[PDB]
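# Chain and residue survey
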Amino acid sequence: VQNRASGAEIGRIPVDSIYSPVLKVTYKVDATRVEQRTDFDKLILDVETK
Amino acid sequence: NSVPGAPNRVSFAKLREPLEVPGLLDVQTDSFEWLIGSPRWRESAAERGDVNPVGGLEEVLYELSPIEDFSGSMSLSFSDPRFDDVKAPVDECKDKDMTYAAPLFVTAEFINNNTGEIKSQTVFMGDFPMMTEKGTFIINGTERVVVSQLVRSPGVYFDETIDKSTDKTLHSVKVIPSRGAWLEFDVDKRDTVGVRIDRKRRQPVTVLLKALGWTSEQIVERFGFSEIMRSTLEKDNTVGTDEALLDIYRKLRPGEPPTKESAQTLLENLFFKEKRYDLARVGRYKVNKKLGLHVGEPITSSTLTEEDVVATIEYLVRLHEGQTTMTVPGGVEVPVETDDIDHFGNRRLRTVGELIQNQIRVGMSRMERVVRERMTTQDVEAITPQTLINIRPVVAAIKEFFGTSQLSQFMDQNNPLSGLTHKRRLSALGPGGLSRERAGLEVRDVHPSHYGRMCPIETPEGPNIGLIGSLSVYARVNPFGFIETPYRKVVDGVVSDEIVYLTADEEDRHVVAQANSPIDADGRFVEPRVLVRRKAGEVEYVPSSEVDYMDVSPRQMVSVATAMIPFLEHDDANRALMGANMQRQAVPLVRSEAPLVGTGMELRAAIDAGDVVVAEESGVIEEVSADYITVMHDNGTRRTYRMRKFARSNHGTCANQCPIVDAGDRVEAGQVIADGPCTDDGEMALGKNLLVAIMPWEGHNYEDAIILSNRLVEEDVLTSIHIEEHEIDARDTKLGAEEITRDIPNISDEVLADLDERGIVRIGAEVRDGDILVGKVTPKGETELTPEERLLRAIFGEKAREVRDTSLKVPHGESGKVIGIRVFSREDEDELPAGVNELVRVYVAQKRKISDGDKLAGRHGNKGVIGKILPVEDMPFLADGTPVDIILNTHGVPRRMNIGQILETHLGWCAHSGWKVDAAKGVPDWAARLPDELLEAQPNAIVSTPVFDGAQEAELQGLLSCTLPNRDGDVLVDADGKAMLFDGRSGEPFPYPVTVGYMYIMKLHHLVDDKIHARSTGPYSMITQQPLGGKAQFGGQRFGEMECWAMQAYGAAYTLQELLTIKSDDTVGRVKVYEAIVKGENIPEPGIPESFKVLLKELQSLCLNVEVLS
Amino acid sequence: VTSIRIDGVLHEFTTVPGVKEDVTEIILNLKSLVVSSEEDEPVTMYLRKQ
RNA sequence: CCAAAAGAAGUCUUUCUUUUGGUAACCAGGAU
């Protein structure tokens, strides 16, 4: 945030802000495709926070 | 490798180089210390040219002295040039706008040749700018570079040109001297041998020969082997020496009465009296070598001689006769052949010392003219050597050279590599060289004599292509200005380690093999047949018994910038030229990162450029800080190194220096002790390693466009700092008393808040366009004697208070913090330009992130502007959730023939992940000749592939097959080098694997924020009332002739009429249309442009009665 | 973190006496903090070292 | 067309009146 936008002295140093706790996310699906056509998926979701 | 603290960068090189890369700034520094005559050069010449050591200044002073009058009754002589210590250090000179220079003194001695009264004095000859330890000059505070010039050497050049009318060969010869008069001998369509002295009509050679004192018997005695010379002599029509002299006088002296003494003396004056004709030492050497006259005698004397002229004529007639070789009486025989003027045996280099010597020479010529004119208008016995010398022309010549020239330029300081490339440049254009608009295509080519001497790749891409080149890595310039290259001589089939430097002619005589040949560990080629270079650059297969020499290494034909491209031989020359030229446009970033896959040239180029701090003496670090490093030497003494923090370069970039040592470490001599702008622990680091995918993605990387992750903006990966400089000064003026103050007329207080108590803004204050940086007022002038006001001023005491605020405002499109303020003043007896009381300089700094439209690039010429910057969630990501950073298009790679980027991507992935070749039972065959300790690497390993001896395709494939898993035992990239990506925007996996890896990309200094501009209305010109030009004023875009043709072709007459009248220079139309727009009315009709009326007035001023009828 | 204020410095492009890093590097190092607050309004945390 | 000063009205800050004040040519370097 620019120093002028807020009312701040010369000694203020605005800093870029990153408010994100999550670090890395991925997933993989285990699809079962049988010959009799009763199918379904299986989502395995992996979450890593800081 | 040979630096005491360099990082461990493991190389794929198979060969071993006998010779280390020379000092890369030796051209400049060894050319200047010859000019001033340092003891270092004296020793260097002693172990080489001890026959005649003399500097440039001593040569000039010896050729100048003595200065004598016509009677010869008095003389003046100069000797013993001497320098004092520099007036101030480098840093003070750069800070205070002072030229870095040293005083020069000479010993002038005046002798009266009729009284013998000798008068010696020490004469001050001015302040002589001195070169720093980095190859630069500091003139008026700025740092400059003198470029070496490629010219044509003086000598004799024979050439043949066919004839259209007769289809006959017509030979010719040109004797081009240094600073003299030309004379050409030629054979015309009729079988006769002519002459063109100075620049006149052809005359028979017999006339010149007789004028030289040759009887018609001697001519037919020696020149009796040719029908042409007999034919010319018979039809000569001139008998008697005096008649020939008179005819030459007629041709040369227009409208003057011919005589015997004048004709006898003028011919010898033009070519034999050495005051109006010089060949130098290079010209004399070249003439003697071409004609083979004086092989033994040393070169002392620089004028022509009758022997040379007769030998030239004989050579020309025998060349026309079709002879093979010719022997001249008293000299060894030589081959009779024509010359190539683009041969690097005929083009010499005028280095930084030669150019300054030439300027001192013209200055001294002017001074001696003044001296010998002043020696006749002063009475004798009042003359002292100080009253004859006028030093002003000499110092004027130096100022003219160092301020106004096409070879004295502002140092290129975009990044450290730019300056090193600037100091090793050979430009064929300058005063005394060819011109950019008048250069053909035969001088822009790459002659086969350039091998090892001028890099064929690195050259400008514009209309300067071929006219500016760069010196190769191993090349050196010999005492005559000819470039040399080391060769490893092979004696009887045994490749020795004796390095010999050969210039292009000697390299022509012998047969040279290649560096990457199969040496068998005992200096013996494996096979008898090897590629070589024969006389005219011909490449053949000679049995390995004729070979005389071999190159000291590959990478001998490339320059510094082109030696930093990995996998250069997999890229075509067109794209490698761009890749080399775009590496010196990269901007320094806030934090630097060394490439994962380099070539090993980065460390040497970083330490030789000079932007790093290097320990002068070994010792132990005592104190470290962001501002200095204190080293405690082994013997008592201590040294403190000060750092350049956030300093502006010539091109507005940051020039930080930060230490890379701690308070207890021990350092060694020559060890890098503090990084620089674009260095990472001593190695060049111009860009960053980004994870890349080589797929087309939704058309955003279409036609050379690029897609970036938003992580590179959040994490400040491609951020850079740019600094600006603003100047203003207070000057006396005839009215007097300019002042820097806060009391400015017609200005409120809200616009006087950031200013401190005495004008200048406060440090730390952010500014926008239009804000005042330095408050200043000047007298309003118009000193007027109005009765009441003047009578109040005079006796009553009313003050003038005439003020006109010429304040310093930050120009359009600029902003940022105020980081520094430098204020000079006359009160503190600072050295300021004459008539200036005060001078204040304000520095404004910005921090710029990467954004759409900014230009990026790799090292292989794969440029492109940033098309989009995607959020990190909608990007292709690996199976473990890792997004890619950059996406490059597929259609650009195979068509441009720069497949080196794909191999760099593969090796970058291998280096990032780390590998381990499994030598469980025997090393694999593909890893047989792979160097040891390359069979395994740790993650994030730095490797190097030299330019022409690096990683083979089989080795890359093998390394890809064996590469470590990341965290869990998952290998993301298979043996082909491709990965299965997920579509972060839809979610489904992409159907086919994609190529992923790590590429080293650079941020170029072509940012959008300097390129965007718009204007509704603004300032206009004065003579013609059209809008100005440029962003800093405001200015409009130009609607040229071609854009007018386009609109005429469309048929749009009203658009074209308004664009040229009520948008440019219809003075009433502008205001009327603005009013109509703001009030919602209809746009009015245009009038007459003002430029047409200006044209009419100029035509009338040329006395032409131009009138418009009705 | 939204902004900082070092007492002896006026802007981001300067140096602190005694500190091996400069203010830009200090800010880039602080850009790796992970902190969790519980109240909406801004709060300030102090750092003092000798 | 803008800035400053003074006077008047209202709003708590705009309008009306008066005065003062108000660019080029060279050389060089780049890009497509």
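Residues numbered from 1 in each chain as written, not as in the entry; some residues may be left out. Chains lettered and ligands numbered in written order. Part of a larger assembly, values for the part shown. Heavy atoms only, no water. Residues with missing side-chain atoms left out of burial classes, pairs and counts.

This deposited entry lists cryo-EM as its structure determination method and 2.94 Å as its resolution.

If you look chain C up in the PDB entry, it shows as DNA-directed RNA polymerase subunit alpha from Mycobacterium tuberculosis.

Labelled according to the PDB entry, chain A appears under the name DNA-directed RNA polymerase subunit alpha, originating from Mycobacterium tuberculosis.

## Describing the overall build of chain C
Looking only at helices and strands, chain C has 1 helix and 1 strand in total. At 12 Å, chain C has a C-alpha radius of gyration far larger than the 10 Å of a compact globule built from 50 residues. Across the 50 residues of chain C, 22% fall into the buried class. Total accessible area on chain C stands at roughly 4100 Å², and carbon and sulfur atoms take up 52% of it. Between the mean site of the 5 positive side-chain charges and the mean site of the 9 negative ones, chain C shows a separation of 9 Å. (Helix = DSSP H or I, 4+ residues; strand = E, 2+ residues; numbered from the N terminus. Rg over C-alpha atoms; globule rule 2.2 N^0.38 Å. Buried < 20%, exposed > 50% of the residue type's maximum accessible area, 1.4 Å probe, protein only. Areas by Shrake-Rupley, 256 points an atom, 1.4 Å probe, with all protein chains shown as cover. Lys, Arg positive; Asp, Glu negative; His and termini not counted. Charge placed at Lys NZ, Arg CZ, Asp CG, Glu CD.)

## Looking at the state of the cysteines
If you walk through the whole model with that rule in mind, you get 0 disulfides over all chains. Take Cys654(B): it sits in no disulfide, and the sulfur closest to it among the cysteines is that of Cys678(B), at 10 Å. (Disulfide = S-S within 2.5 Å.)

## Concerning the protein's contact with RNA strand D
Residues and elements named next belong to chain B. By nearness alone, every residue bordering RNA strand D is listed as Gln406, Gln585, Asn746, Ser748, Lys780, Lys855, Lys863, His1006, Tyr1020, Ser1021, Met1022 and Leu1028. A distance of 2.6 Å separates a phosphate oxygen of RNA strand D from a polar side-chain atom of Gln585. In the model, a phosphate oxygen of RNA strand D is placed 2.9 Å from a nitrogen or oxygen of the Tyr1020 main chain. (Near = heavy atom within 4 Å. Polar contact = N/O pair within 3.5 Å; in protein donor to acceptor, adjacent residues only side chain to side chain.)

## Regarding unusual backbone geometry
Residues and elements named next belong to chain B. Residue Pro66 is reached from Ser65 by a cis peptide bond, and omega for that bond is -5°. Non-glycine residue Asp681 carries a positive phi angle of around 75°. As for its position among the elements, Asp681 is in the loop between β33 (679–680) and β34 (683–684).

## Re the sheet that holds strand β3 (residues 74–83) of chain B
Residues and elements named next belong to chain B. Pairing is antiparallel across the open sheet formed by 4 strands, whose spatial order is β2-β3-β4-β5. Two strands in the sheet have a free side with no partner beyond their single neighbour: β2 (67–68) and β5 (118–129). Where β3 and strand β4 (residues 101–112) come together, 8 bridges link them in antiparallel fashion. The residue of β4 that forms the bridge with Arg82 is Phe105. The sheet contacts of helix α3 (residues 56–64) involve β2, β3 and β4, and relative to β3 the element is tilted by about 175°. (Pairing = 2+ DSSP bridges. Contact = heavy atoms within 4.5 Å. Axes fitted to C-alpha atoms, helices over the stretch in contact; angles between N-to-C directions.)

## With respect to the environment of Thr241(B)
Residues and elements named next belong to chain B. As for its placement among the helices and strands, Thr241 is situated in helix α8 (residues 241–252). As a C-alpha pair, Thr241 and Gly213 span 28 residues in sequence and 6.3 Å in three-dimensional space. Aside from chain neighbours lying at most four places away, what touches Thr241 is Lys210, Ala211 and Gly213.

## Considering the environment of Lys817(B)
Its place among the elements puts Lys817(B) in strand β45 (residues 817–825). As for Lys817(B) and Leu183(B), which are separated by 634 residues in sequence, their C-alpha atoms are 66 Å apart. Those residues in contact with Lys817(B), other than ones at most four positions away along the chain, are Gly764(B), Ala765(B), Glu766(B), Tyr843(B), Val844(B), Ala845(B) and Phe13(C).

## Observations concerning the interface of chain C and chain A
Listed per partner, the contact involves 12 residues of chain C and 11 residues of chain A. Put simply, chain C and chain A have 1 salt bridge between them. Of the charged contacts in the structure, one is a salt bridge between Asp16(A) and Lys31(C), with a shortest N-O distance of 3.2 Å. Inspection of the chain C/chain A interface yields 3 residue pairs in polar contact. Residue composition of the side of chain C that touches chain A, grouped by class: 6 nonpolar, 3 polar and 3 charged. As defined by bridge partners, strand β1 (residues 13–14) of chain A adjoins strand β1 (residues 3–4) of chain C across 2 bridges and the pair is classed as antiparallel. Across the sheet, the residue bridging to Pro14(A) is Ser3(C), located in β1(C). (Salt bridge = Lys/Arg side-chain N within 4 Å of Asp/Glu carboxyl O. Nonpolar A, V, L, I, M, F, W, Y, C, P; charged D, E, K, R; others polar.)

## What to know about the interface of chain C and chain B
Contact residues are listed per partner, giving 14 residues for chain C and 19 residues for chain B. Between chain C and chain B, a total of about 1400 Å² is buried, with carbon and sulfur atoms accounting for 64% of that surface. On the chain C side of the interface with chain B, the three residues burying the most area are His11(C), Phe13(C) and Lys20(C), jointly 50% of the side's total. Applying the counting rule to chain C against chain B returns 3 salt bridges. Salt-bridge contacts for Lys847(B) lead to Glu12(C); the nearest nitrogen and oxygen are separated by 3.6 Å. The class makeup of the residues in the side of chain C that touches chain B is 4 nonpolar, 5 polar and 5 charged. (Buried area = accessible area lost by both parts, 1.4 Å probe.)

## What to know about the side chain of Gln359(B)
Relative to the assigned elements, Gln359(B) resides in helix α12 (residues 352–374). The residues touching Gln359(B), leaving out its near neighbours within four places in the chain, are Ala397(B), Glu400(B) and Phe401(B).

## Notes on the pairing of strand β29 (residues 628–633) of chain B
Residue and element names in this part refer to chain B. Burial of β29 is extensive: 5 of the 6 residues sit out of reach of the surface. Here strand β28 (residues 619–624) runs beside β29; their pairing, made up of 5 bridges, is antiparallel. In the strand pairing of β29, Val624 is matched with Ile629. Taking the residues that link successive antiparallel strands as the turn, the β28-β29 hairpin has 3 residues. Two elements, β29 and strand β30 (residues 638–642), share 5 bridges in a ladder whose sense is antiparallel. Across the sheet, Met632 pairs through a bridge with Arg638, a residue of β30.

## Here we look at the pattern of salt bridges
Per the stated rule, a full pass over the model turns up 60 salt bridges over all chains. The partner of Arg639(B) in a salt bridge is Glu616(B), with the nearest N and O atoms 2.8 Å apart. Taken as a pair, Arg639(B) in strand β30 and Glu616(B) in the loop between β27 (613–614) and β28 lie far apart in primary sequence, 23 residues in all. Residue classification places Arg639(B) among the partly exposed positions, given a relative accessible area of 33%. One salt-bridge network, in which partners are shared between bridges, spans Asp16(A), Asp716(B), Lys849(B) and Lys31(C).

## Describing a nonpolar patch on the surface
Residue and element names in this part refer to chain A. On the surface, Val22, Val25, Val29, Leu43, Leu45 and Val47 cluster together into a nonpolar patch covering about 510 Å² of accessible area. Listed by contribution, the elements that provide at least two residues to the nonpolar patch are β2 (22–29) and β3 (43–49). Tracing the backbone through its elements, the reader meets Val29 in strand β2. (Patch = residues over 30% accessible without salt bridge, like charges linked within 9 Å, V, L, I, M, F, W, Y side chains within 5 Å.)

## Some details on the packing of aromatic side chains
Residues and elements named next belong to chain B. The tally for this structure, following the rule as stated, stands at 16 aromatic pairs over all chains. Seen in terms of ring centroids, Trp214 and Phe223 are 6.4 Å apart; in terms of plane orientation they differ by 85°. Their pairing is edge-to-face. Ring centres of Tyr285 and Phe480 lie 4.9 Å apart, and the angle between their planes is 5°; on these two criteria the pair is classed as stacked. Residue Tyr285 is located in helix α10 (residues 280–291), and its partner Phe480 is located in the loop between β20 (476–477) and β21 (483–491); the two are separated by 195 residues in the primary sequence. Accessibility expressed as a relative area gives 29% for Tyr285, which makes it partly exposed. (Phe/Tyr/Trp six-rings, centres within 6.5 Å; stacked < 30°, edge-to-face > 60°.)

## Examining the side chain of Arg350(B)
All names here are of chain B. Along the chain, the position of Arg350 falls in strand β16 (residues 347–350). Buried within the structure, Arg350 lacks any salt-bridge partner; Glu354 is the closest side chain of opposite charge, at an N-O distance of 5.8 Å. Setting aside chain neighbours within four positions, we find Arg350 in contact with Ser148, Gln149, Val151, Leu355, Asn358, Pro431 and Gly432.

## A closer look at the sheet that holds strand β37 (residues 720–731) of chain B
All names here are of chain B. What the 3 strands build is an open sheet, ordered β37-β46-β45; its pairing is antiparallel. The sheet is open, and its two edges are formed by β37 and β45, each paired on a single side. For this sheet the average axis-to-axis angle between neighbouring strands, irrespective of direction, equals 15°.

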